[PDB]
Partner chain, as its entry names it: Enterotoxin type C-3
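First, one chain by itself: the form deposited without the partner chain, in structure tokens.
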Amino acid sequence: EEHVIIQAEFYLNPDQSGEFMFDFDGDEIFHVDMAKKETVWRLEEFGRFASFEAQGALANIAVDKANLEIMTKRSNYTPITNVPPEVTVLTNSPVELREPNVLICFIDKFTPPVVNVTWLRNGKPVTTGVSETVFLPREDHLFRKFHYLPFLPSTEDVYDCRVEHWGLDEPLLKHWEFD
């Protein structure tokens, strides 16, 4: 019926940010956590069913870093062009009072793969329960990314997704409240 599996990897200088992951039909299967050097499956289930040796990924990333040295020089030191992201905020499911839910902050169509996302609830920031994904490849070679936030829906709470990126001349804000 038609499918696609992509092993995407990238390297960023002077940040020295490297990423290795597998994407099946737009969703992430796993990525390798560069610092610990262990594989991280998006869903725990995937783990006991298939496996991947991290070390083979560091290998490739080390090469992507090498080739980057080369290409930079080739393109006659042509830096990348910042592309600001379009931020959309929404909820995992229909929202109902005191019923546990998830606030999703989707950051799209951007590059380079270096953004700083923050969650605010009524002014002050919240950091408990939050979680996120690594940069997901887009067919146009820009990037996507998701940030999550568990919460108990209220009538007086106003949540803020705050996004910073070199393409934006100023930090962006995306409001969400019950109504």
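Numbering follows the first chain given and starts at 1.
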Of 38 to 46 and 131 to 139, the stretch whose C-alpha atoms average the higher B-factor in the entry: 38 to 46
Selected stretch [higher average CA B-factor]: 95 to 103 or 82 to 90: 95 to 103
Candidate residues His147, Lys124, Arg144, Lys65, the one whose C-alpha B factor the record puts highest: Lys124
Among modelled residues of the same chain, the CA temperature factor third for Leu168: middle
Among modelled residues of the same chain, the CA temperature factor third for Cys161: middle
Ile29 - Cα temperature factor, lowest/middle/highest third of chain: lowest
Cα B factor band for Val114 (lowest, middle or highest third within the chain): lowest
Chain-relative CA temperature factor third for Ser17: middle
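Not on display, but discussed next: the form deposited with the partner chain bound.
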Residues of stretch 35 to 55 in contact with the partner chain in the deposited bound form (4.5 Å, non-hydrogen atom): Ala35, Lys36, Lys37, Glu38, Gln55
